[PDB]
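Below: the structure, in structure tokens.
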Amino acid sequence: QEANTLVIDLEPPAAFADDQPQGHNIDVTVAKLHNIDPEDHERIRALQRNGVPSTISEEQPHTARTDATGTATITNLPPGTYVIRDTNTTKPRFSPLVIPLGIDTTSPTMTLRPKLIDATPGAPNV
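All the letters of the sequence shown, read from the start, carry residue numbers 3 to 128 under my numbering.
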């Protein structure tokens with residue numbers, strides 16, 4: 003039973019001198035997405051900037067918190083794609099992002115550091 007760990011970093015990583023690990027002032031919404039292979043990078047990046055609409059089939063939602071450094075840590079995520087948006091509209095740090103996970107029966111760990119460019123409001127938009 004391999005543990006499933008998902009790490010999302012939108013800024014240069016450095017969990018040492020820097021306080022990157024610290025930062026729970028931002029709330030994030032997690033919404034599983036219909037199982038999609040990670041190979042379709044165009045598909046992911048397309049939704050990384052555009053975001054995932056509610057029209058897409060999503061599993062039970064999960065909650066978590068992220069730091070102001072664009073970093074976040076979430077576990078217990080079975081294979082498939084994930085939806086992450088900044089709930090804290092007070093100080094939004096990131097826009098809706100999509101991260102795929104090795105589609106399979108087994109649940110592997112995935113560590114990624116997505117690099118997105120400001121795509122106008124969205125999460126805090128509504």
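For every residue, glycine included, the Cβ atom is placed at its ideal position computed from N, Cα and C.
| Item | Value |
| --- | --- |
| Quick check: the segment 56-65 against the segment 102-122, are there 3 or more CB pairs under 8 angstroms? | no |
| Check whether the segment 42-51 and the segment 6-16 touch, using three or more Cβ-Cβ pairs below 8 angstroms as the test. | no |
| Quick one: Cα of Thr-92 to Cα of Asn-37, how far? | 32 angstroms |
| In the DSSP assignment, the alpha helix (DSSP H) including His-64 goes from what residue to what residue? | Note, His-64: premise wrong, no alpha helix (DSSP H); beta strand (DSSP E) at 64-68. |
| Looking only at its own chain, which residues have a Cβ that is under 6 angstroms from the Cβ of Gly-53, when we skip the five neighbours before and after it? | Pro-98, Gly-124 |
| Helix, strand or coil for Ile-105 per DSSP? | coil |
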